[PDB]
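Before any questions on binding or motion, here is one chain by itself as C-alpha coordinates, the form deposited in one PDB entry.
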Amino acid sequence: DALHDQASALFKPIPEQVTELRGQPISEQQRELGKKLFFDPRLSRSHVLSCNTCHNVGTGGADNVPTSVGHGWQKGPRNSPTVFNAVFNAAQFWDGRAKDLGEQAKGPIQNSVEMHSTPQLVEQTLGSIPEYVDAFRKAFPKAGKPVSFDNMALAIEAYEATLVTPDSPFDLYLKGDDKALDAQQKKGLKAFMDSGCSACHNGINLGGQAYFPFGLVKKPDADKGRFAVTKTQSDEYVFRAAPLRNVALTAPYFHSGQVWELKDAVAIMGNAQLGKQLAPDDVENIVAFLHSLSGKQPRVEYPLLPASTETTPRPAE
(Lines give C-alpha, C1' and ligand atoms only; values in the text may rest on other atoms or scores of the structure.)
Protein backbone atom coordinates (compact mmCIF):
# COMPACT_ATOMS: atom_id res chain seq x y z
CA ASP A 1 0.00 0.00 0.00
CA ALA A 2 1.40 3.40 -1.00
CA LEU A 3 0.29 4.88 2.35
CA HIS A 4 2.16 2.19 4.25
CA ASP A 5 5.05 3.04 1.95
CA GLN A 6 5.71 6.63 2.90
CA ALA A 7 4.73 5.83 6.48
CA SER A 8 7.59 3.33 6.72
CA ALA A 9 10.00 5.80 5.17
CA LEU A 10 9.31 8.35 7.91
CA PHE A 11 8.55 6.34 10.99
CA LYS A 12 9.88 3.39 12.95
CA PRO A 13 8.27 1.22 15.66
CA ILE A 14 9.34 1.02 19.29
CA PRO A 15 11.48 -2.09 19.78
CA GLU A 16 10.02 -4.66 22.17
CA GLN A 17 12.96 -4.06 24.50
CA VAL A 18 16.32 -2.33 24.54
CA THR A 19 19.05 -4.62 25.80
CA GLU A 20 22.10 -2.51 25.35
CA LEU A 21 22.98 0.94 26.53
CA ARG A 22 26.14 2.89 25.75
CA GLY A 23 27.44 -0.32 24.26
CA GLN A 24 26.92 -2.18 27.50
CA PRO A 25 24.40 -4.96 28.05
CA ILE A 26 21.65 -4.12 30.55
CA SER A 27 21.53 -6.60 33.43
CA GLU A 28 18.51 -7.26 35.56
CA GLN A 29 20.35 -6.04 38.66
CA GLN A 30 20.84 -2.71 36.97
CA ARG A 31 17.17 -2.61 36.03
CA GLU A 32 16.04 -3.36 39.59
CA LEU A 33 18.44 -0.94 41.20
CA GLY A 34 17.34 1.72 38.74
CA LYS A 35 13.71 1.13 39.60
CA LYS A 36 14.40 1.69 43.28
CA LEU A 37 16.23 4.93 42.54
CA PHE A 38 13.51 6.19 40.25
CA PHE A 39 11.02 5.93 43.14
CA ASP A 40 13.24 6.87 46.02
CA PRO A 41 12.33 10.35 47.26
CA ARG A 42 15.61 10.45 49.20
CA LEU A 43 17.37 11.62 46.07
CA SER A 44 15.90 15.02 46.92
CA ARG A 45 17.36 16.94 49.85
CA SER A 46 13.83 17.21 51.25
CA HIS A 47 13.04 13.53 50.86
CA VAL A 48 9.73 14.32 49.19
CA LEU A 49 10.57 14.34 45.45
CA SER A 50 11.26 11.29 43.32
CA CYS A 51 11.43 10.99 39.55
CA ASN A 52 8.01 9.34 39.73
CA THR A 53 6.55 12.40 41.36
CA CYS A 54 6.73 14.34 38.09
CA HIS A 55 7.03 11.45 35.62
CA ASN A 56 4.21 9.39 37.11
CA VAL A 57 4.27 5.87 35.65
CA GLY A 58 0.57 5.47 36.41
CA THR A 59 -0.58 8.43 34.31
CA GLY A 60 1.30 8.24 31.04
CA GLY A 61 4.65 8.79 32.69
CA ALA A 62 4.00 12.53 33.18
CA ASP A 63 2.45 14.45 36.10
CA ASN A 64 -0.24 15.96 33.91
CA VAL A 65 -0.31 19.36 35.58
CA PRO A 66 0.49 22.55 33.60
CA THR A 67 4.08 22.97 34.75
CA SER A 68 6.68 22.00 37.33
CA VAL A 69 10.38 22.70 37.83
CA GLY A 70 12.50 19.62 38.04
CA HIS A 71 15.74 20.10 36.13
CA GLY A 72 18.49 22.74 36.33
CA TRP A 73 18.45 23.50 32.61
CA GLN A 74 15.03 25.16 33.09
CA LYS A 75 14.88 28.89 32.75
CA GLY A 76 11.36 28.56 34.11
CA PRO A 77 8.50 26.11 34.72
CA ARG A 78 7.63 23.72 31.91
CA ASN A 79 5.20 20.87 31.37
CA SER A 80 6.80 17.59 32.45
CA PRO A 81 7.30 15.42 29.35
CA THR A 82 6.62 11.69 29.66
CA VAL A 83 9.56 9.49 30.52
CA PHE A 84 8.20 6.69 28.34
CA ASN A 85 10.44 6.10 25.32
CA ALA A 86 12.56 9.07 26.28
CA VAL A 87 15.69 7.02 25.78
CA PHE A 88 15.26 7.40 22.03
CA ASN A 89 15.17 11.19 22.06
CA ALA A 90 18.27 12.97 20.82
CA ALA A 91 16.83 16.34 21.82
CA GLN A 92 15.89 16.26 25.50
CA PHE A 93 14.72 19.64 26.75
CA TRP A 94 11.89 21.92 25.68
CA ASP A 95 13.69 25.06 24.68
CA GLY A 96 16.88 27.03 24.75
CA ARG A 97 19.31 29.34 22.94
CA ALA A 98 21.16 27.37 20.20
CA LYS A 99 24.62 28.19 21.64
CA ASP A 100 23.54 27.19 25.17
CA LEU A 101 21.99 23.95 23.89
CA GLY A 102 25.60 23.25 22.81
CA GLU A 103 26.56 23.79 26.45
CA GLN A 104 23.79 21.78 28.19
CA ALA A 105 26.49 19.16 28.56
CA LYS A 106 24.29 17.80 31.36
CA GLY A 107 21.59 15.18 30.96
CA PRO A 108 18.17 15.06 32.74
CA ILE A 109 19.51 12.97 35.58
CA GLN A 110 22.47 15.10 36.56
CA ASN A 111 20.33 18.22 36.03
CA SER A 112 17.68 17.06 38.45
CA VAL A 113 20.02 15.84 41.16
CA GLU A 114 22.02 19.05 41.14
CA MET A 115 18.81 21.03 41.43
CA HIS A 116 17.06 19.14 44.22
CA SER A 117 20.13 17.95 46.02
CA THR A 118 23.82 17.64 45.31
CA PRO A 119 25.83 14.68 43.96
CA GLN A 120 27.87 14.50 47.15
CA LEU A 121 24.73 14.50 49.22
CA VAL A 122 23.08 11.85 47.07
CA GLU A 123 26.21 9.72 47.39
CA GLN A 124 26.38 10.13 51.12
CA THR A 125 22.71 9.22 51.36
CA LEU A 126 22.83 6.01 49.32
CA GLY A 127 26.07 5.01 51.00
CA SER A 128 24.52 5.01 54.47
CA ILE A 129 22.12 2.25 53.48
CA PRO A 130 23.64 -1.27 53.37
CA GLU A 131 20.99 -2.66 50.98
CA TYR A 132 21.87 -0.03 48.44
CA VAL A 133 25.59 -0.47 48.93
CA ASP A 134 25.16 -4.16 48.13
CA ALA A 135 22.76 -3.59 45.23
CA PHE A 136 25.35 -1.31 43.68
CA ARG A 137 28.13 -3.88 44.01
CA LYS A 138 25.99 -6.59 42.51
CA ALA A 139 24.96 -4.34 39.60
CA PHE A 140 28.39 -2.83 38.88
CA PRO A 141 30.90 -5.59 39.84
CA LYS A 142 33.94 -4.31 37.97
CA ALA A 143 33.88 -0.92 39.73
CA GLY A 144 36.22 0.86 42.09
CA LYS A 145 33.71 3.00 43.94
CA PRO A 146 30.43 1.12 43.33
CA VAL A 147 28.30 3.85 44.93
CA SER A 148 28.95 6.87 42.75
CA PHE A 149 26.93 9.41 40.87
CA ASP A 150 28.00 7.84 37.58
CA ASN A 151 26.64 4.42 38.41
CA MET A 152 23.47 5.87 39.84
CA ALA A 153 22.92 7.66 36.55
CA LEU A 154 23.61 4.45 34.69
CA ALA A 155 21.19 2.47 36.83
CA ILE A 156 18.38 4.97 36.25
CA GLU A 157 19.00 4.94 32.52
CA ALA A 158 18.69 1.15 32.62
CA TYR A 159 15.33 1.47 34.29
CA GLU A 160 14.42 4.17 31.77
CA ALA A 161 15.18 1.78 28.93
CA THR A 162 12.53 -0.43 30.52
CA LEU A 163 9.87 2.23 30.22
CA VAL A 164 9.04 1.82 26.54
CA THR A 165 5.57 1.37 25.10
CA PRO A 166 5.61 -1.03 22.15
CA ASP A 167 2.68 -2.40 20.21
CA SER A 168 0.52 0.63 19.74
CA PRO A 169 -1.89 0.21 16.80
CA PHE A 170 0.25 2.48 14.69
CA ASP A 171 3.21 0.26 15.35
CA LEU A 172 1.24 -2.89 14.51
CA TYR A 173 0.31 -1.16 11.29
CA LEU A 174 3.96 -0.32 10.58
CA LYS A 175 4.95 -3.90 11.32
CA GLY A 176 2.37 -5.03 8.79
CA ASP A 177 -1.12 -5.45 10.24
CA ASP A 178 -2.87 -3.11 7.82
CA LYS A 179 -6.02 -3.57 9.93
CA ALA A 180 -4.48 -1.82 12.98
CA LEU A 181 -5.70 1.64 11.97
CA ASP A 182 -9.30 2.25 10.86
CA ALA A 183 -10.20 4.39 7.84
CA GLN A 184 -10.36 7.61 9.85
CA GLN A 185 -6.94 6.96 11.36
CA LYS A 186 -5.62 6.36 7.84
CA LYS A 187 -7.07 9.63 6.57
CA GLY A 188 -5.38 11.13 9.63
CA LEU A 189 -2.01 9.50 8.95
CA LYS A 190 -2.27 10.71 5.39
CA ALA A 191 -3.15 14.26 6.43
CA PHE A 192 -0.35 14.25 9.04
CA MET A 193 2.18 13.59 6.31
CA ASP A 194 0.51 15.74 3.67
CA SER A 195 0.25 18.83 5.90
CA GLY A 196 3.93 18.70 6.75
CA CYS A 197 3.48 17.58 10.34
CA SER A 198 5.99 14.81 9.69
CA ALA A 199 8.47 17.47 8.63
CA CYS A 200 9.17 17.97 12.30
CA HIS A 201 7.43 15.07 14.02
CA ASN A 202 9.17 12.02 12.56
CA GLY A 203 11.38 9.09 13.46
CA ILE A 204 10.72 6.48 16.14
CA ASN A 205 9.03 8.93 18.54
CA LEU A 206 7.32 11.21 15.95
CA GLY A 207 9.43 14.03 17.29
CA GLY A 208 12.02 14.54 19.97
CA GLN A 209 14.86 14.56 17.48
CA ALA A 210 15.37 18.21 16.62
CA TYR A 211 14.79 21.83 17.60
CA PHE A 212 12.90 24.52 15.68
CA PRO A 213 12.35 28.30 16.12
CA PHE A 214 8.59 28.10 16.77
CA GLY A 215 6.83 27.96 20.08
CA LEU A 216 3.40 28.43 21.58
CA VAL A 217 2.57 31.94 22.77
CA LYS A 218 -0.61 33.61 23.92
CA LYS A 219 -1.78 35.77 21.04
CA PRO A 220 -1.48 39.55 21.57
CA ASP A 221 -5.13 38.84 20.73
CA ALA A 222 -5.99 38.24 17.10
CA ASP A 223 -7.68 27.76 23.20
CA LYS A 224 -7.32 27.66 19.42
CA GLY A 225 -8.34 31.34 19.38
CA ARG A 226 -6.20 32.29 22.38
CA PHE A 227 -2.82 30.63 21.71
CA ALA A 228 -0.76 30.10 18.59
CA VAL A 229 2.58 28.63 17.59
CA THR A 230 4.70 31.38 16.05
CA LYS A 231 8.33 32.11 15.33
CA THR A 232 10.62 32.81 18.26
CA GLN A 233 12.22 36.26 18.49
CA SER A 234 15.23 35.05 16.51
CA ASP A 235 16.07 31.71 14.95
CA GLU A 236 18.64 31.24 17.71
CA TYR A 237 15.90 30.60 20.23
CA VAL A 238 14.36 27.14 19.61
CA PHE A 239 11.83 24.67 20.99
CA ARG A 240 12.02 20.93 20.66
CA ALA A 241 9.51 19.20 18.44
CA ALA A 242 7.57 17.29 21.07
CA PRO A 243 7.64 13.49 20.55
CA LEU A 244 4.02 12.48 20.01
CA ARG A 245 3.96 8.88 21.26
CA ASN A 246 1.27 8.41 23.95
CA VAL A 247 0.16 11.99 23.42
CA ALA A 248 -3.47 11.16 24.21
CA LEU A 249 -2.38 10.28 27.75
CA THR A 250 -0.30 13.34 28.64
CA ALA A 251 -2.46 16.47 28.44
CA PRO A 252 -2.05 19.44 28.92
CA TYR A 253 0.09 20.30 25.91
CA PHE A 254 3.01 22.47 24.77
CA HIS A 255 5.92 23.54 27.01
CA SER A 256 3.76 25.77 29.20
CA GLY A 257 1.05 23.14 29.45
CA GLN A 258 -1.59 25.65 28.48
CA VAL A 259 -3.84 23.78 26.07
CA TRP A 260 -5.83 20.92 27.51
CA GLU A 261 -7.50 19.44 24.48
CA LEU A 262 -5.74 17.54 21.77
CA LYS A 263 -8.11 18.83 19.08
CA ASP A 264 -7.04 22.34 19.97
CA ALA A 265 -3.36 21.44 20.04
CA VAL A 266 -3.76 19.92 16.58
CA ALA A 267 -5.73 22.91 15.20
CA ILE A 268 -3.17 25.32 16.57
CA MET A 269 -0.28 23.47 14.95
CA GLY A 270 -2.24 23.07 11.72
CA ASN A 271 -2.59 26.86 11.64
CA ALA A 272 1.05 27.64 12.34
CA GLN A 273 1.75 28.14 8.61
CA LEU A 274 4.10 25.19 8.66
CA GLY A 275 2.17 23.41 5.95
CA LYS A 276 -1.16 23.21 4.16
CA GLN A 277 -3.99 24.79 6.17
CA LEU A 278 -6.05 22.10 7.89
CA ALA A 279 -9.70 21.28 7.31
CA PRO A 280 -12.07 20.38 10.22
CA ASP A 281 -12.28 16.78 9.02
CA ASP A 282 -8.51 16.58 9.00
CA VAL A 283 -8.23 17.87 12.55
CA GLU A 284 -10.67 15.20 13.67
CA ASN A 285 -8.95 12.46 11.67
CA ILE A 286 -5.51 13.49 12.86
CA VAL A 287 -6.64 13.35 16.48
CA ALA A 288 -8.00 9.86 15.81
CA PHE A 289 -4.61 9.06 14.36
CA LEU A 290 -2.76 10.40 17.37
CA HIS A 291 -4.76 8.06 19.58
CA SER A 292 -3.17 5.19 17.69
CA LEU A 293 0.15 6.18 19.27
CA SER A 294 -0.80 5.01 22.77
CA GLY A 295 1.34 1.91 23.30
CA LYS A 296 1.29 -0.80 25.92
CA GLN A 297 1.75 0.88 29.30
CA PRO A 298 4.53 -0.66 31.44
CA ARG A 299 3.52 -2.92 34.29
CA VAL A 300 5.45 -1.81 37.31
CA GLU A 301 5.76 -3.49 40.66
CA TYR A 302 6.29 -0.75 43.23
CA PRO A 303 9.77 -1.28 44.71
CA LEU A 304 10.42 -1.83 48.39
CA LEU A 305 12.91 0.83 49.38
CA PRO A 306 15.35 0.04 52.21
CA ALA A 307 15.11 1.88 55.50
CA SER A 308 17.25 4.90 56.36
CA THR A 309 19.94 4.28 58.99
CA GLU A 310 21.45 6.57 61.62
CA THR A 311 23.98 8.00 59.22
CA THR A 312 21.44 8.77 56.52
CA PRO A 313 21.11 12.54 56.08
CA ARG A 314 17.81 13.94 57.42
CA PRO A 315 15.41 16.06 55.30
CA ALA A 316 16.08 19.76 54.69
CA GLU A 317 14.86 22.70 52.52
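By rigid core we mean the largest C-alpha set that fits within 1.5 Å across both forms. Quick note: we count residues from 1 along the sequence shown, nothing fancier.
Below, we turn to the form deposited in another entry, even though it does not appear here.
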- Task: Go through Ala180, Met193, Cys200, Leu101 and flag the only one whose CA is off by 2 Å or more between this form and the one not shown, rigid core held fixed.
- Result: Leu101
- Tell me, please, whether between this form and the one not shown the C-alpha of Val69 is shifted by 2 Å or more, with the rigid core used for superposition. yes
- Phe212 C-alpha shift between this form and the one not shown of 2 Å or more, rigid core reference: no
- Message: Core superposed first: is there a CA shift of 2 Å or greater at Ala86 between this form and the one not shown?
- Response: no
- Item | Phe212 and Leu216, C-alpha gap in the other entry relative to this structure (3 Å or more) | closer
- Message: Just to spell it out: taking the C-alpha atom of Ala105 and the C-alpha atom of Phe84, is that distance smaller or larger in the other entry than in the structure shown here, given it changes by 3 Å or more?
- Response: closer
